[PDB]
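In the text below, chain A, chain B and the rest are named by the order of the sequence lines, each starting its count at 1. Basis for what follows: all heavy atoms, side chains included, without hydrogens, waters or symmetry-related copies.
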Amino acid sequence: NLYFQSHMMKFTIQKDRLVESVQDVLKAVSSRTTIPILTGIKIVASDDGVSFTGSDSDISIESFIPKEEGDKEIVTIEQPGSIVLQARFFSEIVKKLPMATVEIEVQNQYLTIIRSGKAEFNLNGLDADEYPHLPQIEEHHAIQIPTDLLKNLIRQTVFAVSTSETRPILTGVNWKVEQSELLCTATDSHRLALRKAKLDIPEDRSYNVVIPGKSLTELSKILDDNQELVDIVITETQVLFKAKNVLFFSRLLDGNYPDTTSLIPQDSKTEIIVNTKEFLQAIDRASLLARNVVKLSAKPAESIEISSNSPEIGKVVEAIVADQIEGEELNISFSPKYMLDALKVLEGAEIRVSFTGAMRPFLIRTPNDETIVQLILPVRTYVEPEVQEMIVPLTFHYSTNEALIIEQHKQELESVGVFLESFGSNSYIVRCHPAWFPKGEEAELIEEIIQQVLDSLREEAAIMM
Amino acid sequence: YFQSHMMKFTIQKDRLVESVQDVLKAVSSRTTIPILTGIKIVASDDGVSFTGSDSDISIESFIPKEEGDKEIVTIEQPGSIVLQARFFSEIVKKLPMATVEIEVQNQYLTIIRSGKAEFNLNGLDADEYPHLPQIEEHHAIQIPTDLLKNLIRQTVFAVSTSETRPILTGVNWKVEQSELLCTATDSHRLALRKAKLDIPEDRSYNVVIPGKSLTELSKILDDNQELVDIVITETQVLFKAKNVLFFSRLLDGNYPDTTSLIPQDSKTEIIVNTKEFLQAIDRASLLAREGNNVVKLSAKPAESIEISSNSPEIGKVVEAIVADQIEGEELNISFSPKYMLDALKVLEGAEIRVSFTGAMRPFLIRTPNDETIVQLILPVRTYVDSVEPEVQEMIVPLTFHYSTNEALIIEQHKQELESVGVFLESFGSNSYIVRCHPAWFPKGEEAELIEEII
């Protein structure tokens with residue numbers, strides 16, 4: 001007779017693997033998108049199995065399901081084909097399908113039928129060919145990292161990236177490869193996270209890229225916990241992570257990451273060794289009065305005293321028996337969040353903290369491991385609020401009319417905490433800024449402050465607080 | 001010494017945490033009484049009492065020095081203080097050691113001691129704190145705790161949320177002939193709960209208790225059969241349990257006789273598995289955009305029940321369920337899935353009895369051969385050839401009495417703004433009565449919407 005298909009795509013699949021792939025892929029989908037079809041999920045049924053793709057133009061994930069995963073049959077493809085369904089909705093359905101077996105059938109008008117047990121869903125389908133193609137990346141000069149290590153690398157660095165849109169490049173983690181050793185660097189202006197890893201790669205290859213922190217976090221969520229290798233292909237604008245049945249793409253951040261190797265102190269006046277948990281719990285307790293700034297005081301052969309006070313709300317004092325103390329007596333103030341973020345990430349029972357006075361950065365490490373380094377900037381105390389310095393100072397360019405004004409009213413700026421350096425002509429940098437500033441919005445405020453001087457602080461600063 | 005009274009005692013952490021947490025649920029965040037922000041601590045020879053209140057509800061948690069053969073507290077010096085509730089609760093949770101020490105040291109200061117950590121909090125004179133309401137405490141009512149909690153679980157969810165009509169925010173408690181009737185009315189649904197009390201058939205009550213109060217009460221009550229003393233004055237309720245008191249201000253006004261909507265007849269009778277029915281209605285509600293949804297039930301004797309939902313520009317759902325029993329007239333009815341799901345979650349038992357009398361009459365949800373609990377839901381009226389083909393009636397209708405000028409003008413063109421899918425009715429003088437509205441209106445904000453469009 002005359003052939004005319006009853007349907008486009010049709011296959012049967014186990015619910016557990018279906019859900020699993022949809023959850024992974026869904027992590028690449030964004031509600032806020034400027035390209036409509038990117039709210040969808042691309043399904044491709046072939047003779048070998050079914051793949052699921054989701055993307056938000058910055059990252060892309062493809063999860064594949066072989067039709068056979070052992071004795072059992074996972075997928076039964078009756079008619080290869082493809083369709084795009086709404087991702088968020090497709091996720092909600094599949095999670096709550098009653099029975100194990102799931103039938104998916106795309107009819108000739110792209111209406112997609114989903115059957116499990118006695119429940120039948122119908123979905124408006126979109127033509128798969130309208131869905132963007134994966135980034136074309138040739139797999140050459142690839143790198144191999146064990147999964148658990150890779151997840152540790154991420155975990156020990158992503159948190160420290162900037163959340164501000166002021167400097168896009170600082171929202172990503174700097175991956176530098178040289179002499180077969182990976183150096184992951186992440187920093188917001190207030191603190192820095194470093195991680196180093198040795199890889200079985202030819203010493204000749206060199207890489208210097210910046211991967212968005214969010215991408216690495218979502219990648220980590222998808223990776224299982226094992227020792228098997230993850231394949232990594234780095235290019236000029238993309239990075240591809242490969243694992244079992246998973247392809248993960250991330251767009252690299254354009255630009256040049258700042259050098260920080262010089263910024264890391266190499267010599268310390270005072271070194272403290274103490275139990276991780278006991279020290280951690282004490283800092284957390286002193287953070288209850290954040291209404292912000294914790295103070296630390298230590299002397300050799302003597303206890304450590306962490307303290308903080310909030311005006312008219314209260315004060316707190318806690319003492320820990322150190323494990324070892326050597327060097328100058330010190331009284332240093334720092335943000336407990338940064339301290340905490342660093343500590344939650346270290347695996348050792350005890351830690352090593354190195355300082356060089358109360359006015360310079362201090363390091364947090366494991367006792368006998370040089371692989372991980374956590375850097376934090378302290379808070380300067382003026383007996384005129386408390387001030388926090390920046391690792392990578394913010395730079396602002398100004399007109400000559402406004403540039404002259406900045407120096408004229410510079411004395412008052414200092415009194416507010418707007419401690420500019422005045423390094424560039426007609427453009428001053430920000431070495432220090434008031435500690436009470438909210439994270440990720442330091443640049444914004446520091447701008448509006450100056451804007452008033454050119455458009456005109458007591459009343460202002462009061463309405464802002 | 002003769003006059004100084006500085007509180008001091010050492011207490012176990014867990015008991016301190018538990019009691020602070022309980023009283024904390026009575027502490028307000030946006031109160032106009034500053035002292036209310038704090039938790040009133042009072043130490044005595046018997047033990048320690050913790051108190052917090054928001055002026056509507058008050059909770060007092062007690063901890064004896066000794067419970068049975070154990071020592072819970074050691075009171076060096078009795079005394080009383082108010083500490084900031086939020087900070088105090090945060091501190092005690094973090095306490096390193098099992099034993100915790102509190103000690104007022106001077107005017108203006110209390111410090112907390114656990115292991116090697118000292119907290120310094122600014123105390124406040126307990127005298128400034130308001131006392132508990134004066135309750136006669138003569139007539140009482142005793143309800144097992146589990147029954148009391150089950151009572152609140154099965155009604156409190158069905159109160160109205162809009163503050164424009166405060167009386168419907170609370171649950172009507174009506175006692176008569178040694179029987180308690182708990183009524184909770186919402187915009188398009190209600191719950192009636194029936195409990196047999198153990199008291200003289202002469203005593204009677206008719207009070208309205210705020211839904212929030214009962215929710216918070218249910219939280220602090222443990223899961224047991226221990227009896228709970230309830231004292232119902234003209235203005236307040238008092239729930240007494242072991243080592244805890246719960247106060248709640250009553251809502252003034254007469255509660256409408258909304259139970260009058262519950263019928264005794266039905267044209268269609270369905271008995272179905274609770275779990276399977278719930279799961280199906282849940283799947284049918286997934287098409288909701290999340291930005292209301294409408295589900296349709298179709299039943300016929302000797303045929304599977306059909307749950308379905310149609311969302312344009314997204315798709316549709318259809319699910320079949322075999323019922324334990326279908327009896328009566330062929331039925332096709334629509335309703336909001338949320339209301340159905342709320343009723344189902346609250347009903348214990350493997351089966352549920354859903355009773356219908358046509359597509360547009362309120363239907364009932366119950367357990368078979370049991371009238372202790374009755375859930376009533378007003379269905380979605382579907383007018384096929386209509387601008388708004390999905391309408392929702394209200395149990396208690398909304399009224400709107402404006403000024404003559406804006407009343408007469410808006411009246412002349414009454415069918416002007418009535419086109420959007422608002423219906424209206426005139427009653428009394430220069431005032432309208434809205435019994436219905438479109439199904440897509442936001443729940444808990446139907447009145448405000450109409451007022452703005454009006």
Side-chain angles (χ1 to χ4, degrees), chain A residues 143 145 149-164 166-177 180 182 184-197 199 201 205 207-213 215-220 230 232 234-235 237-239 241 250-262 264-265 268 335 337-339 341-346 351-354 360-366 369 371-378 390-395 439-440 442:
Chain A
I143 298 169
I145 313 180
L149 171 51
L150 175 60
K151 294 177 73 168
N152 255 308
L153 296 175
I154 291 169
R155 192 179 71 99
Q156 287 165 7
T157 61
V158 175
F159 69 85
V161 305
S162 178
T163 73
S164 171
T166 305
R167 290 93 67 80
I169 198 87
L170 285 182
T171 74
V173 181
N174 179 259
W175 278 35
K176 210 192 191 178
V177 177
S180 64
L182 172 58
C184 302
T185 307
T187 184
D188 61 23
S189 295
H190 302 172
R191 38 87 188 260
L192 171 151
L194 169 144
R195 182 50 161 83
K196 293 178 180 180
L199 299 171
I201 303 304
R205 298 179 184 175
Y207 290 109
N208 189 319
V209 298
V210 185
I211 312 177
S215 308
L216 291 168
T217 300
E218 294 307 311
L219 166 62
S220 184
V230 173
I232 308 181
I234 304 170
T235 75
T237 57
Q238 293 283 336
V239 63
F241 298 85
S250 177
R251 161 163 300 177
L252 301 173
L253 283 170
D254 269 340
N256 260 118
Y257 203 81
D259 172 50
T260 55
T261 59
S262 65
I264 300 173
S268 71
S335 189
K337 198 210 152 40
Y338 302 159
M339 172 53 60
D341 295 338
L343 286 161
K344 279 133 143 191
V345 143
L346 306 183
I351 61 179
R352 160 161 46 106
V353 201
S354 303
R360 296 197 85 173
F362 63 95
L363 298 174
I364 309 125
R365 295 169 261 173
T366 59
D369 289 345
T371 49
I372 320 177
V373 172
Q374 293 295 342
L375 178 156
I376 322 190
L377 294 180
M390 309 187 84
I391 283 283
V392 173
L394 296 170
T395 74
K439 182 183 175 186
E442 300 76 10

Asker: Write down the atom of A:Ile169, the atom of A:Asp254, and the distance for their closest heavy-atom approach.
Answerer: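 Taking every non-hydrogen atom into account, CD1-O, 3.3 Å.
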
Asker: Enter the distance from A:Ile372:CD1 to A:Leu346:CG here, rounded to the nearest 0.5 Å.
Answerer: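 With rounding to 0.5 Å, CD1 (A:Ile372) is 6.0 Å from CG (A:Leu346).
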
Asker: If you measure only the distance, is there a donor-acceptor pair under 3.5 Å linking the side chains of A:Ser220 and A:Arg155?
Answerer: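 No pair is found: no donor N or O on one side chain lies under 3.5 Å from an acceptor on the other.
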
Asker: Can you find a heavy atom in the side chain of A:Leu149 that is under 4.5 Å from one in the side chain of A:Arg195?
Answerer: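 A side-chain contact under 4.5 Å exists here.
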
Asker: For A:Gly172 and A:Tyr257, which heavy atoms make the closest approach, and how far apart are they?
Answerer: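 A:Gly172 and A:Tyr257 have their closest heavy atoms at O-CE1, 3.8 Å.
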
Asker: Could you tell me which non-hydrogen atom of A:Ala160 sits nearest to which non-hydrogen atom of A:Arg191, and how far apart they are?
Answerer: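 Shortest heavy-atom separation between A:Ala160 and A:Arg191 comes out as CA-NE, 3.8 Å.
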
Asker: What is the minimum heavy-atom distance between A:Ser164 and A:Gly440, and which atoms define it?
Answerer: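 For A:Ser164 versus A:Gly440, the nearest heavy atoms are CB-O, 3.5 Å.
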
Asker: Tell me, do A:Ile145 and A:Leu182 make a side-chain contact under 4.5 Å, heavy atoms counted?
Answerer: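 A side-chain contact under 4.5 Å exists here.
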
Asker: Could you pull out all residues at least two apart from A:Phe241 that satisfy ring pair (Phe, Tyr, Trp, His ring centres under 6.0 Å)?
Answerer: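 So A:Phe241 forms no ring pair (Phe, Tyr, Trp, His ring centres under 6.0 Å) with any residue.
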
Asker: How long is the span from the CD atom in A:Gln374 to the CG atom in A:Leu194, to the nearest 0.5 Å?
Answerer: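 The distance works out to 8.0 Å.
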
Asker: Keeping the roles fixed (side chain from A:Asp259, backbone from A:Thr261), state whether a donor-acceptor pair exists under 3.5 Å.
Answerer: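 Indeed, once roles are kept as given, a pair shorter than 3.5 Å links the two residues.
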
Asker: Run A:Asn174 and A:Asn208 through side chain to side chain contact (heavy atoms under 4.5 Å, CB included) and show every step you take.
Answerer: CA-CA 7 Å; A:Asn174 179 259; A:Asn208 189 319; 3.1 Å; yes

Asker: Could you tell me the separation between the OG atom of A:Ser180 and the CG atom of A:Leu199, rounded to the nearest 0.5 Å?
Answerer: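 Taking OG in A:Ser180 and CG in A:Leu199, the distance rounds to 7.5 Å.
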
Asker: Taking all non-hydrogen atoms of both residues, which atom of A:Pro265 and which atom of A:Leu363 are closest, and how far apart?
Answerer: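 Closest approach of A:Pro265 to A:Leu363: O-CD1, 3.8 Å.
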
Asker: What do the steps show when you test A:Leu216 against A:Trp175 for side chain to side chain contact (heavy atoms under 4.5 Å, CB included), and what is the final call?
Answerer: CA-CA 11 Å; A:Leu216 291 168; A:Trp175 278 35; 4.1 Å; yes

Asker: Would you indicate whether the side-chain heavy atoms of A:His190 and A:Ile376 approach each other to under 4.5 Å?
Answerer: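 Sidechains of A:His190 and A:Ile376: no contact.
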
Asker: Between CG of A:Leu377 and CD1 of A:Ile391, what distance do you get to the nearest 0.5 Å?
Answerer: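 One finds 4.0 Å between CG of A:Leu377 and CD1 of A:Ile391.
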
Asker: Measure the CG-CD1 distance between A:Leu219 and A:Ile232 for me, rounded to the nearest 0.5 Å.
Answerer: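 With rounding to 0.5 Å, CG (A:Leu219) is 8.0 Å from CD1 (A:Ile232).
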
Asker: Please evaluate residues A:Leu170 and A:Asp188 with respect to the criterion side chain to side chain contact (heavy atoms under 4.5 Å, CB included), reporting the C-alpha separation (whole Å), side-chain torsions for both, the decisive distance (0.1 Å), and the verdict.
Answerer: CA-CA 6 Å; A:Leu170 285 182; A:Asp188 61 23; over 6 Å; no

Asker: Run the side chain to side chain contact (heavy atoms under 4.5 Å, CB included) test on A:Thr260 and A:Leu192 for me, step by step, so that the C-alpha distance in whole Å, both residues' side-chain angles and the decisive distance to 0.1 Å come before the verdict.
Answerer: CA-CA 9 Å; A:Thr260 55; A:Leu192 171 151; 3.7 Å; yes

Asker: Return the set of residues passing side chain to side chain contact (heavy atoms under 4.5 Å, CB included) with A:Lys337 (not counting sequence neighbours), or none when no residue passes.
Answerer: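 Here the qualifying residues are A:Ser335, A:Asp341, A:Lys439.
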
Asker: For the pair A:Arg167 (side chain) and A:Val392 (backbone), establish whether a donor and an acceptor sit closer than 3.5 Å, ignoring hydrogens and angles.
Answerer: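 At least one qualifying donor-acceptor pair exists.
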
Asker: What's the shortest heavy-atom distance between A:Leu252 and A:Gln238, and which atoms?
Answerer: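 Between these two residues, the closest heavy atoms are CD1-O, 3.4 Å.
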
Asker: In Å, rounded to the nearest 0.5 Å, how long is the span from CD1 of A:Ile211 to OG1 of A:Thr171?
Answerer: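 It comes to 12.0 Å.
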
